[PDB]
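Asks: Pasting protein.cif here (mmCIF, C-alpha atoms and all ligand atoms):
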```cif
data_query
loop_
_atom_site.label_atom_id
_atom_site.label_comp_id
_atom_site.auth_asym_id
_atom_site.auth_seq_id
_atom_site.Cartn_x
_atom_site.Cartn_y
_atom_site.Cartn_z
CA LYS A 1 -21.17 -130.18 -41.23
CA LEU A 2 -21.84 -129.68 -37.56
CA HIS A 3 -22.67 -126.18 -36.26
CA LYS A 4 -22.33 -124.68 -32.77
CA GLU A 5 -25.49 -122.99 -31.50
CA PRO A 6 -25.91 -120.67 -28.51
CA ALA A 7 -27.47 -121.91 -25.24
CA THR A 8 -27.83 -120.57 -21.69
CA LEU A 9 -27.01 -122.54 -18.57
CA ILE A 10 -30.08 -123.32 -16.43
CA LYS A 11 -28.51 -125.84 -14.00
CA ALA A 12 -25.57 -128.27 -14.02
CA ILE A 13 -26.94 -131.66 -13.01
CA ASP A 14 -23.99 -134.07 -12.90
CA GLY A 15 -20.78 -134.98 -14.75
CA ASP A 16 -22.47 -135.71 -18.05
CA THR A 17 -25.91 -134.09 -17.86
CA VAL A 18 -26.72 -130.38 -17.84
CA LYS A 19 -29.95 -128.40 -18.15
CA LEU A 20 -29.80 -125.58 -20.78
CA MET A 21 -32.14 -123.05 -22.28
CA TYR A 22 -31.99 -123.99 -25.98
CA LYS A 23 -34.00 -121.92 -28.47
CA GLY A 24 -35.98 -120.47 -25.51
CA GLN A 25 -37.00 -123.97 -24.25
CA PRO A 26 -35.43 -125.62 -21.19
CA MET A 27 -33.93 -128.96 -22.10
CA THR A 28 -31.78 -131.52 -20.42
CA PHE A 29 -28.66 -132.36 -22.38
CA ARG A 30 -26.58 -135.54 -22.10
CA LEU A 31 -22.97 -135.19 -23.34
CA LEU A 32 -22.16 -137.31 -26.40
CA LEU A 33 -19.54 -140.03 -26.33
CA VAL A 34 -18.55 -139.84 -22.65
CA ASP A 35 -19.64 -141.54 -19.42
CA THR A 36 -18.89 -139.82 -16.14
CA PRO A 37 -19.38 -141.80 -12.89
CA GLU A 38 -22.77 -141.31 -11.26
CA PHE A 39 -22.64 -138.83 -8.32
CA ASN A 40 -22.81 -141.68 -5.77
CA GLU A 41 -19.82 -143.48 -7.43
CA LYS A 42 -16.05 -142.86 -7.05
CA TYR A 43 -15.05 -139.66 -9.03
CA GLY A 44 -18.74 -138.85 -9.44
CA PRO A 45 -18.66 -135.77 -7.22
CA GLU A 46 -15.40 -134.73 -8.90
CA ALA A 47 -16.88 -135.08 -12.39
CA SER A 48 -20.03 -133.21 -11.31
CA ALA A 49 -17.89 -130.42 -9.81
CA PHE A 50 -15.78 -130.24 -12.97
CA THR A 51 -18.66 -129.92 -15.38
CA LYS A 52 -20.48 -127.46 -13.04
CA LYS A 53 -17.46 -125.16 -12.81
CA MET A 54 -16.77 -125.28 -16.57
CA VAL A 55 -20.33 -124.39 -17.60
CA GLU A 56 -21.06 -121.89 -14.81
CA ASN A 57 -17.83 -119.95 -15.39
CA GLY A 58 -17.97 -119.90 -19.21
CA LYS A 59 -18.90 -116.56 -20.85
CA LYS A 60 -20.53 -118.36 -23.79
CA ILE A 61 -22.09 -121.82 -23.74
CA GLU A 62 -22.78 -123.58 -27.09
CA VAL A 63 -24.37 -126.87 -28.10
CA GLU A 64 -23.31 -128.81 -31.21
CA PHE A 65 -25.60 -131.66 -32.28
CA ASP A 66 -23.99 -134.50 -34.24
CA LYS A 67 -25.20 -136.21 -37.43
CA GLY A 68 -27.11 -139.05 -35.74
CA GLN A 69 -30.15 -139.19 -33.48
CA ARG A 70 -30.45 -135.92 -31.53
CA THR A 71 -32.42 -137.11 -28.46
CA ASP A 72 -31.91 -140.27 -26.34
CA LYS A 73 -34.74 -142.51 -25.21
CA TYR A 74 -35.18 -140.45 -21.98
CA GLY A 75 -35.83 -137.18 -23.78
CA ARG A 76 -32.29 -135.76 -23.33
CA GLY A 77 -30.67 -133.73 -26.16
CA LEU A 78 -27.47 -135.44 -27.29
CA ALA A 79 -24.68 -132.95 -28.05
CA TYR A 80 -21.16 -131.75 -27.65
CA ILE A 81 -21.20 -128.85 -25.17
CA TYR A 82 -18.66 -125.98 -25.37
CA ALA A 83 -17.74 -123.31 -22.90
CA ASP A 84 -15.81 -120.44 -24.49
CA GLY A 85 -15.00 -122.67 -27.42
CA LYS A 86 -13.61 -125.49 -25.26
CA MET A 87 -15.40 -128.83 -25.44
CA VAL A 88 -16.68 -130.04 -22.06
CA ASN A 89 -16.86 -133.64 -23.35
CA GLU A 90 -13.15 -133.66 -24.35
CA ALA A 91 -12.08 -131.77 -21.15
CA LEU A 92 -13.71 -134.39 -18.95
CA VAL A 93 -12.06 -137.29 -20.80
CA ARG A 94 -8.60 -135.61 -20.88
CA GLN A 95 -8.94 -135.01 -17.08
CA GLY A 96 -9.64 -138.72 -16.49
CA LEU A 97 -13.11 -137.87 -15.13
CA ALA A 98 -15.01 -139.67 -17.94
CA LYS A 99 -14.42 -142.72 -20.14
CA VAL A 100 -15.28 -142.69 -23.84
CA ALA A 101 -18.77 -144.12 -24.41
CA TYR A 102 -20.12 -146.44 -27.08
CA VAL A 103 -21.32 -144.71 -30.26
CA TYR A 104 -25.09 -144.12 -30.13
CA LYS A 105 -27.12 -144.00 -33.37
CA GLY A 106 -24.51 -142.55 -35.75
CA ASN A 107 -23.15 -139.80 -33.44
CA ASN A 108 -19.42 -140.48 -33.93
CA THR A 109 -17.88 -137.32 -35.31
CA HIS A 110 -15.57 -136.61 -32.30
CA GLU A 111 -14.93 -140.23 -31.35
CA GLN A 112 -11.27 -140.31 -32.39
CA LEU A 113 -10.52 -136.97 -30.72
CA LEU A 114 -12.05 -138.25 -27.49
CA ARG A 115 -10.25 -141.60 -27.69
CA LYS A 116 -6.93 -139.73 -28.06
CA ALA A 117 -7.73 -137.70 -24.90
CA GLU A 118 -8.64 -140.92 -23.05
CA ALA A 119 -5.44 -142.72 -24.01
CA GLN A 120 -3.41 -139.78 -22.68
CA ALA A 121 -5.39 -139.59 -19.36
CA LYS A 122 -4.87 -143.37 -18.97
CA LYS A 123 -1.09 -143.14 -19.66
CA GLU A 124 -1.01 -140.45 -16.92
CA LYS A 125 -2.96 -142.73 -14.50
CA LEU A 126 -5.14 -139.67 -13.87
CA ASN A 127 -8.25 -139.89 -11.64
CA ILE A 128 -10.47 -142.71 -12.94
CA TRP A 129 -7.28 -144.27 -14.33
CA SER A 130 -5.43 -144.02 -10.98
CA CA B 201 -23.06 -141.33 -16.13
#
```
Since I need it in another form, could you write the structure as structure tokens?
Replies:
Amino acid sequence: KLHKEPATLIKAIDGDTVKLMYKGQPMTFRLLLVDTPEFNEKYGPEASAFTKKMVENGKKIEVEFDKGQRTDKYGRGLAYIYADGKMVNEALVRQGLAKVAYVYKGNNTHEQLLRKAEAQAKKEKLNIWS
């Protein structure tokens, strides 16, 4: 089973990448199963702003690694990130500020939940889907 673990915000970087103190070591995390636009792309600043606000304003930030590979090729931790028990990955997709990403190395536990969010944001023609 997956477990949520505590972490502390160091700096929000963009829509899908965030730097956290995890077990007393600073690490860059990349959100599983979502792709936000890059800052210089349409909805990029909006996605960055969204993730920044959610993590900065949360009382408690948690990381939940999945069952597949835990780091990407660029050294980033691959997790679901929660702020006060709300998943940032899902919130971005349901807001139409990220699309669901390909599965990477077995990390698929929340794929269906995120696809459901995405279908609803698309039906609502929200943001990226506008
Ligand atoms: Ca991206």
Asks: May I ask for the distance between atom CA of residue 4 of chain A and atom CA of residue 48 of chain A, given in Å to one decimal place?
Replies: 23.2 Å
Asks: Would you list the contacts of residue 40 of chain A as a PyMOL selection string, taking every protein, DNA or RNA residue within 12 Å and counting all atoms listed in the file, but skipping same-chain residues closer than 5 positions in sequence?
Replies: chain A and resi 14-15+45-48
Asks: List the neighbours of residue 111 of chain A out to 12 Å using only C-alpha atoms; skip same-chain residues closer than 2 positions along the sequence, and give me the result as a list in words.
Replies: residues 32, 33, 34, 66, 80, 89, 90, 93, 99, 100, 101, 102, 103, 104, 106, 107, 108, 109, 113, 114, 115, 116, 117 and 118 of chain A
Asks: Taking all atoms listed in the file into account, report as number ranges by chain which residues have an atom no farther than 6 Å from an atom of ligand CA 201 (chain B).
Replies: A: 16, 35-38
Asks: Just give me the residues with any atom within 7 Å of (-17.0, -125.7, -22.7), file coordinates, counting all atoms listed in the file, written as a JSON list (two decimals) with C-alpha atoms, keeping the file's coordinate frame.
Replies:
```
[["chain", "number", "residue", "atom", "x", "y", "z"],
["A", 54, "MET", "CA", -16.77, -125.28, -16.57],
["A", 55, "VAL", "CA", -20.33, -124.39, -17.60],
["A", 58, "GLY", "CA", -17.97, -119.90, -19.21],
["A", 61, "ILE", "CA", -22.09, -121.82, -23.74],
["A", 81, "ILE", "CA", -21.20, -128.85, -25.17],
["A", 82, "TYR", "CA", -18.66, -125.98, -25.37],
["A", 83, "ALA", "CA", -17.74, -123.31, -22.90],
["A", 84, "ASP", "CA", -15.81, -120.44, -24.49],
["A", 85, "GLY", "CA", -15.00, -122.67, -27.42],
["A", 86, "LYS", "CA", -13.61, -125.49, -25.26],
["A", 87, "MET", "CA", -15.40, -128.83, -25.44],
["A", 88, "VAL", "CA", -16.68, -130.04, -22.06]]
```
Asks: Within 12 Å of residue 70 of chain A, counting only C-alpha atoms, which residues show up once you throw out same-chain ones fewer than 2 positions away? Write them as a PyMOL selection string, please.
Replies: chain A and resi 29-32+63-68+72-80+104-107
Asks: Which one is closest to residue 18 of chain A: A:59, A:94, A:53, A:123? Count all atoms listed in the file.
Replies: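 Closest candidate: A:53.
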Asks: Please measure the separation of atom CA of residue 119 of chain A and atom CA of residue 71 of chain A, giving the value in Å to one decimal.
Replies: 27.9 Å
Asks: Between A:127, A:69, A:57, A:8, which residue has the minimum interatomic distance to residue 98 of chain A, considering only C-alpha atoms?
Replies: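 With only C-alpha atoms as the atom set, the closest residue is A:127.
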Asks: Report the distance between atom CA of residue 28 of chain A and atom CA of residue 43 of chain A in Å, rounded to one decimal place.
Replies: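 Pair atom CA of residue 28 of chain A / atom CA of residue 43 of chain A returns 21.8 Å.
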Asks: Each side padded by 4 Å, which centre and which edge lengths in Å (one decimal) define the axis-aligned box around the listed atoms of segment 27-45 of chain A? Give them as AutoDock Vina command-line options.
Replies:
```
--center_x -24.5 --center_y -136.2 --center_z -16.1 --size_x 26.9 --size_y 22.5 --size_z 28.6
```
Asks: Is it possible to add N, CA, C and O atoms to segment 41-52 of chain A and hand it back as a tab-separated table (two decimals), keeping the file's coordinate frame?
Replies:
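So selection.tsv came out as:
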```tsv
chain	number	residue	atom	x	y	z
A	41	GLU	N	-20.93	-142.57	-7.07
A	41	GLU	CA	-19.82	-143.48	-7.43
A	41	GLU	C	-18.48	-142.75	-7.30
A	41	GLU	O	-18.45	-141.52	-7.29
A	42	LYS	N	-17.39	-143.50	-7.20
A	42	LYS	CA	-16.05	-142.86	-7.05
A	42	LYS	C	-15.78	-141.96	-8.27
A	42	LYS	O	-16.03	-142.38	-9.39
A	43	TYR	N	-15.30	-140.73	-8.01
A	43	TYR	CA	-15.05	-139.66	-9.03
A	43	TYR	C	-16.32	-139.01	-9.56
A	43	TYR	O	-16.25	-138.11	-10.39
A	44	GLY	N	-17.47	-139.46	-9.06
A	44	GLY	CA	-18.74	-138.85	-9.44
A	44	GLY	C	-18.83	-137.42	-8.97
A	44	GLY	O	-19.19	-136.52	-9.75
A	45	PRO	N	-18.56	-137.16	-7.67
A	45	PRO	CA	-18.66	-135.77	-7.22
A	45	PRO	C	-17.63	-134.90	-7.98
A	45	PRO	O	-17.88	-133.72	-8.32
A	46	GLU	N	-16.46	-135.48	-8.22
A	46	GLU	CA	-15.40	-134.73	-8.90
A	46	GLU	C	-15.80	-134.37	-10.34
A	46	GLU	O	-15.59	-133.25	-10.79
A	47	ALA	N	-16.39	-135.34	-11.04
A	47	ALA	CA	-16.88	-135.08	-12.39
A	47	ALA	C	-18.02	-134.07	-12.38
A	47	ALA	O	-18.01	-133.15	-13.18
A	48	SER	N	-18.93	-134.16	-11.39
A	48	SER	CA	-20.03	-133.21	-11.31
A	48	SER	C	-19.45	-131.79	-11.08
A	48	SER	O	-19.90	-130.81	-11.73
A	49	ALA	N	-18.51	-131.70	-10.14
A	49	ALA	CA	-17.89	-130.42	-9.81
A	49	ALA	C	-17.19	-129.80	-11.02
A	49	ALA	O	-17.30	-128.56	-11.27
A	50	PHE	N	-16.50	-130.65	-11.78
A	50	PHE	CA	-15.78	-130.24	-12.97
A	50	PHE	C	-16.66	-129.68	-14.06
A	50	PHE	O	-16.45	-128.54	-14.51
A	51	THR	N	-17.73	-130.40	-14.38
A	51	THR	CA	-18.66	-129.92	-15.38
A	51	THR	C	-19.40	-128.67	-14.89
A	51	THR	O	-19.52	-127.72	-15.64
A	52	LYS	N	-19.81	-128.66	-13.62
A	52	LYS	CA	-20.48	-127.46	-13.04
A	52	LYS	C	-19.62	-126.21	-13.21
A	52	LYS	O	-20.10	-125.18	-13.71
```
